[PDB]
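Student: Enclosed is the structure file data_16.pdb (PDB, C-alpha atoms).
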```pdb
ATOM      1  CA  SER A 448     117.229  80.945  73.130
ATOM      2  CA  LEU A 449     118.084  82.731  76.380
ATOM      3  CA  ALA A 450     121.477  83.524  74.834
ATOM      4  CA  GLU A 451     120.031  86.727  73.334
ATOM      5  CA  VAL A 452     117.789  88.425  75.880
ATOM      6  CA  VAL A 453     116.317  91.780  74.886
ATOM      7  CA  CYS A 454     114.532  92.933  78.038
ATOM      8  CA  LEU A 455     113.890  91.539  81.500
ATOM      9  CA  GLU A 456     112.118  92.675  84.645
ATOM     10  CA  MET A 457     112.000  91.563  88.266
ATOM     11  CA  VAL A 458     108.523  90.786  89.599
ATOM     12  CA  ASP A 459     107.879  90.520  93.316
ATOM     13  CA  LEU A 460     106.580  87.190  94.489
ATOM     14  CA  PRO A 461     102.970  86.932  95.681
ATOM     15  CA  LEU A 462     102.288  87.513  99.350
ATOM     16  CA  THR A 463     102.531  84.437 101.554
ATOM     17  CA  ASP A 478      82.042 102.292 114.287
ATOM     18  CA  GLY A 479      81.701 100.618 117.678
ATOM     19  CA  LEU A 480      84.757  99.720 119.729
ATOM     20  CA  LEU A 481      83.151  96.491 120.946
ATOM     21  CA  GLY A 482      83.229  94.974 117.478
ATOM     22  CA  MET A 483      86.846  96.001 117.013
ATOM     23  CA  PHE A 484      87.827  94.386 120.290
ATOM     24  CA  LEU A 485      85.862  91.272 119.448
ATOM     25  CA  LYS A 486      87.604  90.770 116.136
ATOM     26  CA  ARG A 487      90.984  91.686 117.619
ATOM     27  CA  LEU A 488      90.610  89.151 120.430
ATOM     28  CA  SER A 489      89.371  86.592 117.911
ATOM     29  CA  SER A 490      92.502  87.212 115.861
ATOM     30  CA  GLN A 491      94.517  86.788 119.045
ATOM     31  CA  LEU A 492      92.966  83.382 119.669
ATOM     32  CA  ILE A 493      93.535  82.460 116.017
ATOM     33  CA  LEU A 494      97.226  83.349 116.250
ATOM     34  CA  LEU A 495      97.567  81.476 119.538
ATOM     35  CA  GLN A 496      96.018  78.383 117.973
ATOM     36  CA  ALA A 497      98.304  78.669 114.944
TER      37      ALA A 497
ATOM     38  CA  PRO B   3      94.746  95.592 150.524
ATOM     39  CA  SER B   4      96.825  92.854 148.912
ATOM     40  CA  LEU B   5      94.443  92.647 145.945
ATOM     41  CA  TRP B   6      96.033  95.873 144.752
ATOM     42  CA  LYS B   7      99.173  93.890 143.920
ATOM     43  CA  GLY B   8      97.240  91.487 141.709
ATOM     44  CA  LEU B   9      95.769  94.439 139.854
ATOM     45  CA  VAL B  10      99.102  95.775 138.684
ATOM     46  CA  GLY B  11      99.914  92.415 137.123
ATOM     47  CA  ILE B  12      96.823  92.477 134.960
ATOM     48  CA  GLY B  13      97.612  96.041 133.945
ATOM     49  CA  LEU B  14     100.905  94.916 132.476
ATOM     50  CA  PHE B  15      99.110  91.965 130.944
ATOM     51  CA  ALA B  16      96.627  94.348 129.376
ATOM     52  CA  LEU B  17      99.516  96.428 128.115
ATOM     53  CA  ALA B  18     101.197  93.282 126.855
ATOM     54  CA  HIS B  19      98.156  92.431 124.769
ATOM     55  CA  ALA B  20      98.189  95.966 123.396
ATOM     56  CA  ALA B  21     101.800  95.421 122.374
ATOM     57  CA  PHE B  22     100.807  92.323 120.429
ATOM     58  CA  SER B  23      98.012  94.253 118.766
ATOM     59  CA  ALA B  24     100.358  97.107 117.936
ATOM     60  CA  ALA B  25     102.895  94.677 116.506
ATOM     61  CA  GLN B  26     100.188  93.052 114.431
ATOM     62  CA  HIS B  27      98.903  96.426 113.286
ATOM     63  CA  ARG B  28     102.470  97.338 112.402
ATOM     64  CA  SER B  29     102.620  94.114 110.416
ATOM     65  CA  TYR B  30      99.346  95.306 108.916
ATOM     66  CA  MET B  31     101.120  98.399 107.659
ATOM     67  CA  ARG B  32     104.130  96.236 106.816
ATOM     68  CA  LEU B  33     101.681  94.239 104.689
ATOM     69  CA  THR B  34      99.423  97.100 103.543
ATOM     70  CA  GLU B  35     101.997  99.837 102.804
ATOM     71  CA  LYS B  36      99.267 102.466 102.659
ATOM     72  CA  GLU B  37      99.204 106.070 103.818
ATOM     73  CA  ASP B  38      97.397 105.228 107.055
ATOM     74  CA  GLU B  39     100.099 105.958 109.655
ATOM     75  CA  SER B  40      97.513 105.679 112.418
ATOM     76  CA  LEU B  41      96.854 103.132 115.124
ATOM     77  CA  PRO B  42      93.301 101.830 115.617
ATOM     78  CA  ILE B  43      91.342 103.817 118.186
ATOM     79  CA  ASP B  44      90.333 100.654 120.041
ATOM     80  CA  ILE B  45      93.902  99.525 120.637
ATOM     81  CA  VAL B  46      95.146 102.957 121.703
ATOM     82  CA  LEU B  47      92.193 103.349 124.025
ATOM     83  CA  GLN B  48      93.021  99.954 125.481
ATOM     84  CA  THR B  49      96.642 100.988 125.945
ATOM     85  CA  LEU B  50      95.697 104.252 127.629
ATOM     86  CA  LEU B  51      93.289 102.499 129.926
ATOM     87  CA  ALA B  52      95.938  99.956 130.852
ATOM     88  CA  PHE B  53      98.393 102.747 131.587
ATOM     89  CA  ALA B  54      95.883 104.559 133.752
ATOM     90  CA  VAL B  55      94.812 101.542 135.761
ATOM     91  CA  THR B  56      98.343 100.300 136.204
ATOM     92  CA  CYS B  57      99.465 103.679 137.464
ATOM     93  CA  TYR B  58      96.470 103.773 139.780
ATOM     94  CA  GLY B  59      97.410 100.402 141.182
ATOM     95  CA  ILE B  60     100.996 101.566 141.589
ATOM     96  CA  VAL B  61      99.710 104.495 143.596
ATOM     97  CA  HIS B  62      98.312 102.055 146.105
ATOM     98  CA  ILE B  63     101.409  99.876 145.827
ATOM     99  CA  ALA B  64     103.804 102.688 146.642
ATOM    100  CA  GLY B  65     103.031 102.214 150.315
ATOM    101  CA  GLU B  66     102.070 104.601 153.081
ATOM    102  CA  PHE B  67     103.766 107.873 153.910
ATOM    103  CA  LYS B  68     105.558 108.494 157.178
ATOM    104  CA  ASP B  69     105.223 111.555 159.382
ATOM    105  CA  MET B  70     108.303 113.733 159.785
ATOM    106  CA  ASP B  71     107.822 114.659 163.457
ATOM    107  CA  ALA B  72     110.198 112.428 165.405
ATOM    108  CA  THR B  73     107.783 112.436 168.371
ATOM    109  CA  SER B  74     105.247 110.320 166.467
ATOM    110  CA  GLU B  75     106.301 106.727 167.152
ATOM    111  CA  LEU B  76     107.833 107.583 170.526
ATOM    112  CA  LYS B  77     104.476 108.641 171.982
ATOM    113  CA  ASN B  78     103.464 105.070 172.813
ATOM    114  CA  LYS B  79     106.940 104.047 174.017
ATOM    115  CA  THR B  80     106.475 103.636 177.752
ATOM    116  CA  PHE B  81     109.404 103.969 180.133
ATOM    117  CA  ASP B  82     109.189 100.271 181.049
ATOM    118  CA  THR B  83     110.920  99.393 177.762
ATOM    119  CA  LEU B  84     113.620 102.017 177.253
ATOM    120  CA  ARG B  85     115.130 101.168 180.648
ATOM    121  CA  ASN B  86     115.828  97.495 179.882
ATOM    122  CA  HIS B  87     119.296  98.038 178.349
ATOM    123  CA  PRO B  88     119.634  94.615 176.690
ATOM    124  CA  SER B  89     123.430  94.725 176.674
ATOM    125  CA  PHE B  90     123.590  95.305 180.439
ATOM    126  CA  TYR B  91     121.308  92.420 181.426
ATOM    127  CA  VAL B  92     121.686  90.911 184.900
ATOM    128  CA  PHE B  93     120.616  87.377 185.816
ATOM    129  CA  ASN B  94     120.641  87.649 189.627
ATOM    130  CA  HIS B  95     116.911  88.359 189.884
ATOM    131  CA  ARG B  96     113.998  86.447 191.366
ATOM    132  CA  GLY B  97     113.020  85.101 187.941
ATOM    133  CA  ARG B  98     115.546  82.273 187.992
ATOM    134  CA  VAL B  99     114.859  81.222 191.585
ATOM    135  CA  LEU B 100     111.068  81.472 191.290
ATOM    136  CA  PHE B 101     110.927  79.628 187.970
ATOM    137  CA  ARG B 102     112.218  76.178 187.152
ATOM    138  CA  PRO B 103     116.067  76.197 187.176
TER     139      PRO B 103
END
```
Written as structure tokens, how would this file's structure read?

Tutor:
Amino acid sequence: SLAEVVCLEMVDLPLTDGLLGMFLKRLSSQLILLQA
Amino acid sequence: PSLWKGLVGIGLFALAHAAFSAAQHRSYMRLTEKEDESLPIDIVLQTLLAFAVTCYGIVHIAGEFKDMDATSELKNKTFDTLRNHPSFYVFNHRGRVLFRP
């Protein structure tokens, strides 16, 4: 059937207030990445 | 003091962490592709603080200045030293005879 193709498209694949809180989550992410 | 030296290390370390954060945030953009174009305030504040403290440590680390007047270090130089002339030493003194030969 693919002998007569009318239209095709390319689809991208799926992806693989307070400063104290920001630092806490950032450092937590740092530990997470280190563990990974 | 010597502790000053240790400080500068941590400053770089702090900066290093900032780098990681920045990289990650860049990845954030590289995974968000939004019109943010702005670093988080926390990370930039951390970077600035690291820069400041590291520079402050460096200021101590640079050393101590020296006075230009040539008559500074020569004030305490007594005449009993400048007269020795190490090249022109003579060994016919009472030191050898008095002491154990």

Student: Name the residues that the PyMOL selection byres ((chain B) within 12 of (chain A)) pulls out of this structure, and write them as an MDAnalysis selection string.

Tutor: chainID B and resid 16 19:27 32:34 42:48

Student: In Å, how far is it from CA of residue 55 (chain B) to CA of residue 13 (chain B)?

Tutor: 6.4 Å

Student: Rounded to one decimal in Å, what is the spacing between CA of residue 10 (chain B) and CA of residue 64 (chain B)?

Tutor: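 These two atoms are separated by 11.5 Å.
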
Student: What does the distance between CA of residue 12 (chain B) and CA of residue 56 (chain B) come to in Å, to one decimal place?

Tutor: 8.1 Å

Student: Set up a box along x, y and z of the file covering all listed atoms of region 479-489 of chain A, add 8 Å on every one of the six sides, and write the centre and edge lengths in Å to one decimal, as JSON.

Tutor:
```
{"center_x": 86.3, "center_y": 93.6, "center_z": 118.5, "size_x": 25.3, "size_y": 30.0, "size_z": 20.8}
```

Student: Specify as JSON, numbers by chain each residue included when the PyMOL selection byres ((chain B and resi 3) around 12) is applied to this file.

Tutor: {"B": [4, 5, 6, 7, 8, 9, 59, 62, 63, 65, 66]}
